[PDB]
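Novice: Experimental coordinates for this protein are included below, preceded by the sequence.
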Amino acid sequence: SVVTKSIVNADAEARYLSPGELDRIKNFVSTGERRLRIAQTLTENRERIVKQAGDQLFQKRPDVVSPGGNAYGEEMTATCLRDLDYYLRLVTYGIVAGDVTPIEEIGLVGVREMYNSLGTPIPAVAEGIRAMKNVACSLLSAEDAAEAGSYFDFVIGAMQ
Amino acid sequence: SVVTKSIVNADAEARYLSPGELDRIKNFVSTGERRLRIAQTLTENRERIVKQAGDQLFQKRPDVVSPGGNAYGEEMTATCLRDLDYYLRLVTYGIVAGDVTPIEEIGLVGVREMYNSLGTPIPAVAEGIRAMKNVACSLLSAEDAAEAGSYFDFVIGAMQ
Amino acid sequence: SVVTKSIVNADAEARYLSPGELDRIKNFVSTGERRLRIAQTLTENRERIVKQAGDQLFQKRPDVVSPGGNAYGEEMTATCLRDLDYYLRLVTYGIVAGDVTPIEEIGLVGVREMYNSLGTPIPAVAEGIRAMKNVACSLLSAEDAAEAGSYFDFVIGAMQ
Amino acid sequence: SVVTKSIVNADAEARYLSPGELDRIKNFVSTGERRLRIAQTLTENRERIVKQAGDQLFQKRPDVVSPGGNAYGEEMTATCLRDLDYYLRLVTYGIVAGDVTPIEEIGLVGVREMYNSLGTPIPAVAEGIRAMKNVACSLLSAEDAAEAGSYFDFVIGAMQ
Amino acid sequence: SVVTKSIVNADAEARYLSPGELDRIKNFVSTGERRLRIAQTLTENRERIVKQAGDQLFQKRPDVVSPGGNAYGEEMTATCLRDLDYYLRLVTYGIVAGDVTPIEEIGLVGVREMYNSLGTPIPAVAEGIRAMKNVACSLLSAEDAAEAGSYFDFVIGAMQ
Amino acid sequence: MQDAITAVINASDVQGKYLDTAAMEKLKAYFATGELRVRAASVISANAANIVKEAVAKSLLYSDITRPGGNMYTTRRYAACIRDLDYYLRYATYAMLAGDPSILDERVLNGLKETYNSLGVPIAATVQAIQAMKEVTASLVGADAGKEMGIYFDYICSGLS
Amino acid sequence: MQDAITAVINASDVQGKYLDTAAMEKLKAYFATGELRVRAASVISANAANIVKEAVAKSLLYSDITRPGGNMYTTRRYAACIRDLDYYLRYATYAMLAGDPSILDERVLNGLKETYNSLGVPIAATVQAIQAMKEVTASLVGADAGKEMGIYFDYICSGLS
Amino acid sequence: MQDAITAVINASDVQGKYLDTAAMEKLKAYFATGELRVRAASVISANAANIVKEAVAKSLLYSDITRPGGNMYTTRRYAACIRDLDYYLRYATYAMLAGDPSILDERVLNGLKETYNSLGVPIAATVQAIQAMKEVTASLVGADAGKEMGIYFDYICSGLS
Ligand SMILES: *[C@H](C)[C@H]1/C(=C/c2[nH]c(/C=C3N=C(/C=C4\NC(=O)C(CC)=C4C)C(C)=C\3CCC(=O)O)c(CCC(=O)O)c2C)NC(=O)[C@@H]1C
Ligand SMILES: *[C@H](C)[C@H]1/C(=C/c2[nH]c(/C=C3N=C(/C=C4\NC(=O)C(CC)=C4C)C(C)=C\3CCC(=O)O)c(CCC(=O)O)c2C)NC(=O)[C@@H]1C
Ligand SMILES: *[C@H](C)[C@H]1/C(=C/c2[nH]c(/C=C3N=C(/C=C4\NC(=O)C(CC)=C4C)C(C)=C\3CCC(=O)O)c(CCC(=O)O)c2C)NC(=O)[C@@H]1C
Ligand SMILES: CCC1=C(C)/C(=C/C2=NC(=C\c3[nH]c(/C=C4\NC(=O)[C@H](C)[C@H]4CC)c(C)c3CCC(=O)O)/C(CCC(=O)O)=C2C)NC1=O
């Protein structure tokens, strides 16, 4: 969160929160309601977002879902869809927090290690999250979509 | 139906429907497929929902199933299930219509008079309707549950 | 009073009181002493009459006073006894009045709406009044029971 | 009794009864007549209280009186009501004594052993005693009902 | 297990395991093959055992499925069947271990406390486990059923 | 007639000017919060009977008002009292959906104080009952929607007093 | 263990003052509210099993904690949880009677967080259960003594947190 | 550290569930408290030295702690003690901003009791001193946020105990 980011930095500097940082958390608390609304719409339409974006991912890269790909067979392809669902959930956490901090902990650390060892192509995973970002943009208003776009963008950048 | 209510207003006005009224008709036309899909789910799982809701209603208001209650004995309890099924089917018809007007015409007009004369408690019948709404929420998607919950809630208010 | 009801009819008719209407007023004047004596008996035996009636009503419908019932608990049971006492006092007023005019304005207009709002069972209230009628017949003279029973009976019908 | 409890605790000290303990004896002995009246009312209406408690207990817990339960058949139901009658007798004893030592001695020590050996459900017995409390309190005056509630409350608290 | 019970007694008495206790462990390790075979049959037939025994429990004790009983309604009945499944799993564990202490540690210590809190009747649960013993005896050979039945017998005895 | 969007339009009409950026922003805010308002309004309608029951229990019941001579002693007065609370809630929820406090003043608050004064209804008791409804409605609706509902409920109370 | 009465006299003792007018006002308040405290203690004493039952149902049953691999799984562990919930209820009732949270501090909270951290007991779930008991006991004892109880239940929640 | 936002989201994450509507209510409450919390944090930030000065005067000074052989004696140790009190004030204010006592648990309390017992620091005097800081801080930041600061000050007291 913005609050945790400020407090961690200031704690390292052994300094009561700088006046500017106090203003920053003041702005965060005012903006919080908009953040919660964005999370509300994304989580309410979570099944739509994951389902249609997953269809887009498999359509764009059929080799990934073809036999011999990591998501080959009903079981494996279902788990791949579950990973897309996981990353949407983490994005909602990030939107509420107002910073990547939650997503950059729960996921996005050692994702390369986990997936590369898992066998999956991480660029393909990035394409899947890109598709989710497009669907979310359709479901969001222009300014709201920009912020949620930022959190999705952080995910895909970490993937790449 | 939405078209039916618009027709009533147009009949009094003797004037063509305004652009907003036409937009309402267009919205109903756009969501006709969604209404049919929700009805498909409800009708398919109708019997299971009825039996589950009966268990919930009996737990919440055991006086109805207690000795001296209206639904004392197998025959009376079966009549209670049939009445709940009639209400649920009416709710499905109203959901397909998109307006509570079809359900209101079929029943809930004079329902207080009829049920009170029969001797079954109106609050307990309303509680059964609430249990049906909860079961439908469990068995349906959130977006469809939003519309279905609204029509259910109209039935609950009429029962009140 | 009976005179009050006759006056209302005469005012609507825009005519002086009818000779037969005055004759009934004369009968009410004659029966004032007897009606007052009957009312005095009811007021004298007030506590025991409604105590026995409350026991009879709770015996007839044990769910009024059982857990989950409207009057579950000592305080709510006392409130139920108060409602019965309100009715008993109204019946005594009506016996003195010689007409249903006293009761109708107090406890027989909108009573169904009030009881439905609070949640108390209207049929059980009616049975309680019937139990009072039986107790009053036991505690009054035979023709005194007939007149008092008539006023009680109008109250019971109003509850229906 | 108040007298024997005070004497026993004083005996533990071996001191002659302290002035405060003697004052407690004075208070109890002075209010004894009112205690006698409370016990008299409960025993005078012992039949009505017990039977009403049976009605309410079975209505809260139909399973005890349902087939396959301990109180199935007239004889078994009568024995259940006899147990309620025994505890009402104990409650009157405890009221007169002014202490709960008589109730504990006669009926509450080892009640779990006795009742589960009989197969009877102790929590259902607790509900029945709660019904006895409510019925007796309704019969009693407000000042009297407060004390009788305490004596019933020890029984239900032990039952738990 | 026999080994752990022997070690526990020897540990509490500062004693290298006595020759008799060693002999008990020797017999147990030899019978291991038969033990595991019995457990395999029981877990393979776990669905049949639970289903048939649950029918027997409800038939023998209708009150538990009657209104006011613990297992009233589909979900409550499902949890009751799940508890029966839990106890069967524990019995298989006990058979493999050759001692009842795995059953005691898991699910039998404090069972009175847990079920009393939940409102469940302990003797009725014992009826269910007795029915499971009957079904398992039908599914087992005579020599096998005698050994497995003893573990069922301990469960019902502790839960008596 | 007055609504939030309609009032912005009406002010613009008085000016005669084409839609200003400020007018567009205010209308956009109405469009934006309509979703939360709509969902809460449906919830209110569904639990309307429970709300008035809770309100009279919390404020107007078990007191001298419902005891003899309290303007609710009789069943007629009690029925009118719960009916009055029901109307208060219905027109208040109408206005909450609309977003504009003008509607309630047009219907609910037009001569209401004079009528209550003439009939002898306790103005203060009605105000406290409205506040009790505000608490119950806030509980059912939730904080975000209840805060919006509370403003228009409070406007009704202000008109009464 | 120290009541409000013992607390008042002990504070005056520390200051070496006879019980003054202000402290005597404190004592008068406690003596006046003692009747409500005593009756509520009787209510909780009678309904202890029901309070614990309803709280365990409202917050703990049918969840990960009771399912295998959770803390309350196994009858051993479940019986321990209901035992600890009753301990929290019983000591809260002691504290309500006394008027002071010192009984909770000395007997309950004196290491509780460390014990639960040692055994792996979920502190958040315990807090949820105690708050559930707070709700249920408020219903049973009424609001007036429910608030007085609630402060001590909140004390336990804060300590375990 | 977990702030209230991070605690809510992590609790949901452990279960695996998206942010629920109840969790949203928790987060909304934190956002509502945000203004008063930030304002109070700025108050403590500017008045930190005065809070420590007043607290050390109220409790620690002119006692056996500062007489020769009392552990706060020697200018080195008086400087060290005021340094520790400012540690507590800074981390308590951090905790007020974040809304969760996990900062106190992570950065202060874990291991402090052992170091204090090793060095010989009187632990009763530390608790009395930080409670005195609570009194001063309540005055400066006002009662509503003094309610809040007290929760975290009490957390530190309990950890040291
Ligand atoms: C069936 C034989 C009887 C019956 C039972 C019944 N039980 C419950 C609820 C629970 N039972 C358990 C039991 C266990 N937990 C354990 O860890 C173990 C050992 C491994 C056992 C045996 C638990 C935890 C519950 C609580 C719910 C949950 O699992 O989370 C119910 C439901 C009661 C309720 O309303 O909560 C019932 C009905 N009922 C009967 O009629 C039979 C006689
Ligand atoms: C119930 C709400 C939650 C829960 C708790 C749980 N606790 C234990 C075991 C212990 N509890 C204590 C606690 C206390 N000691 C005290 O003196 C007091 C105050 C009077 C308390 C609260 C202790 C010391 C133990 C260990 C010894 C024992 O088992 O009694 C367990 C059992 C854990 C075990 O390993 O056996 C459990 C499960 N568990 C939950 O799931 C609830 C959220
Ligand atoms: C005198 C020349 C100047 C002055 C001083 C003044 N000091 C205090 C209070 C304290 N001074 C100390 C000092 C020491 N503690 C130590 O361990 C050592 C080294 C061995 C020193 C020098 C302490 C601890 C105190 C606090 C009280 C106490 O001893 O417990 C005061 C009183 C301050 C107050 O308002 O409380 C004063 C006035 N004041 C002057 O005007 C001189 C210039
Ligand atoms: C002059 C006409 C008139 C009447 C009669 C009247 C009665 C009346 N009964 C009430 C409550 C009540 N009335 C009942 C009634 C019953 N419960 C039962 O089990 C029985 C079947 C039944 C009566 C025999 C109950 C249970 C309550 C309390 C409701 C509650 O608080 O839960 C209340 C609300 C609480 C209060 O007093 O503030 C009123 C006003 N008021 C009036 O103006």
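Specialist: Arrived safely. Residues are numbered from 1 along each chain as shown, chains lettered A, B, ... in the order given. Ligands and ions are numbered 1, 2, ... in the order given.
Novice: ok, residue F:112 touching residue F:160?
Specialist: Yes. Residue F:112 is within contact range of residue F:160, at 6.7 Å (criterion: Cβ atoms under 8 Å). Quick note: C-beta positions are derived from backbone N, CA and C, even for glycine.
Novice: Need the residue closest to the centroid of chain A.
Specialist: Geometric centre of chain A, nearest residue: residue A:91, 3.2 Å, by Cα atoms, centre = their mean.
Novice: ok, now chain F?
Specialist: Centroid check for chain F by Cα atoms, centre = their mean gives residue F:92 as the closest residue, at 2.7 Å.
Novice: quick one: contacts for that one?
Specialist: F:104, F:108, F:149, F:152, F:153, F:156 (Cβ atoms under 8 Å, 6 or more residues apart in numbering or on different chains).
Novice: Identify the farthest-apart pair in the residues you listed.
Specialist: Greatest spatial distance in the contacts of residue F:92: F:108 and F:149, 14.3 Å, computed using Cβ to Cβ.
Novice: and the residue of chain A nearest chain H?
Specialist: Going by Cβ to the nearest Cβ, chain H is nearest to residue A:29 of chain A, at 2.8 Å.
Novice: On the three-state scheme, that residue is what?
Specialist: Under the three-state scheme (DSSP: H, G, I helix; E, B strand; the rest coil), residue A:29 adopts helix.
Novice: That one against residue H:36, yeah?
Specialist: No. Residue A:29 lies out of contact with residue H:36 (Cβ under 8 Å); the separation is 10.0 Å.
Novice: Among the two, which residue is more densely surrounded?
Specialist: A direct count of neighbours by other Cβ atoms under 10 Å in any protein chain shown for residue A:29 and residue H:36 places residue A:29 higher, at 20 against 17.
Novice: what's the neighbour count on residue F:118?
Specialist: Using other Cβ under 10 Å, residue F:118 has 9 neighbouring residues.
Novice: and if you look at residue A:157?
Specialist: Neighbourhood size, residue A:157 [other Cβ under 10 Å]: 11.
Novice: secondary structure element for it?
Specialist: Here residue A:157, judged by DSSP states H and E, is contained in helix A:142-159.
Novice: Go ahead and name everything in contact with that helix.
Specialist: Under Cβ under 8 Å, 6+ apart, the answer for helix A:142-159 is A:34-35, A:37-38, A:42, A:87, A:90-91, A:94-95, A:100, A:103-104, A:107-108, A:111, A:122-123, A:125-126, A:129-130, A:132-133, A:136-137, A:140.
Novice: So which elements touch the longest helix seen in chain F?
Specialist: If you go by DSSP state H, chain F has its longest helix at helix F:21-46. With contacts taken as 3 or more Cβ pairs under 8 Å, 6 or more residues apart in numbering or on different chains; DSSP states H and E, helix F:21-46 sits against helix B:142-159, helix F:4-15, helix F:75-98, helix F:123-141, helix F:143-160.
Novice: Next, the buried residues of that helix.
Specialist: F:23, F:26-27, F:30, F:33, F:36-37, F:40-46 (16 or more other Cβ atoms under 10 Å in any protein chain shown).
Novice: Ligand 4 is nearest to which of the helices and strands packed on helix F:21-46?
Specialist: helix F:75-98 (4.2 Å; Cβ to the nearest ligand atom).
Novice: Following the chain onward from the closest one, which element is next?
Specialist: Helix F:75-98 is succeeded, C-terminally, by helix F:102-107 (DSSP H and E).
Novice: more neighbours, residue F:108 and residue F:149?
Specialist: The neighbour comparison of residue F:108 against residue F:149 (other Cβ under 10 Å) goes to residue F:149, with 26 against 20.
Novice: isn't the more buried one right next to residue F:140, touching?
Specialist: No. Taking contacts as Cβ under 8 Å, residue F:149 lies outside contact range of residue F:140: 9.6 Å.
Novice: what about the residue in chain A that chain E sits nearest to, which helix or strand?
Specialist: Closest contact between chain A and chain E, by Cβ to the nearest Cβ, is at residue A:75 (23.3 Å). Here residue A:75, judged by DSSP H and E, is contained in helix A:74-97.
Novice: what packs against that helix?
Specialist: helix A:19-44, helix A:46-60, helix A:101-106, helix A:122-139, helix A:142-159, helix H:4-15.
Novice: a markdown table for these, including distance to residue C:158?
Specialist: Supplementary listing: those in a markdown table, determined by distance: least, Cβ to Cβ, whole Å:
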| stretch | distance to residue C:158 |
| --- | --- |
| helix A:19-44 | 51 |
| helix A:46-60 | 55 |
| helix A:101-106 | 65 |
| helix A:122-139 | 58 |
| helix A:142-159 | 60 |
| helix H:4-15 | 56 |
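Novice: Ligand 2: which of those helices is closest?
Specialist: The minimum distance between ligand 2 and the helices and strands packed on helix A:74-97 falls on helix H:4-15, with 14.0 Å, by Cβ to the nearest ligand atom.
Novice: Whether the closest one contacts chain G - can you check?
Specialist: Yes. If you take Cβ under 8 Å from any Cβ of the partner chain as the test, helix H:4-15 does meet chain G, through H:11, H:15.
Novice: Would you mark the buried spots in that helix?
Specialist: Using 16+ other Cβ under 10 Å as the test for burial, helix H:4-15 gives H:4, H:5, H:6, H:7, H:8, H:9, H:12, H:13.
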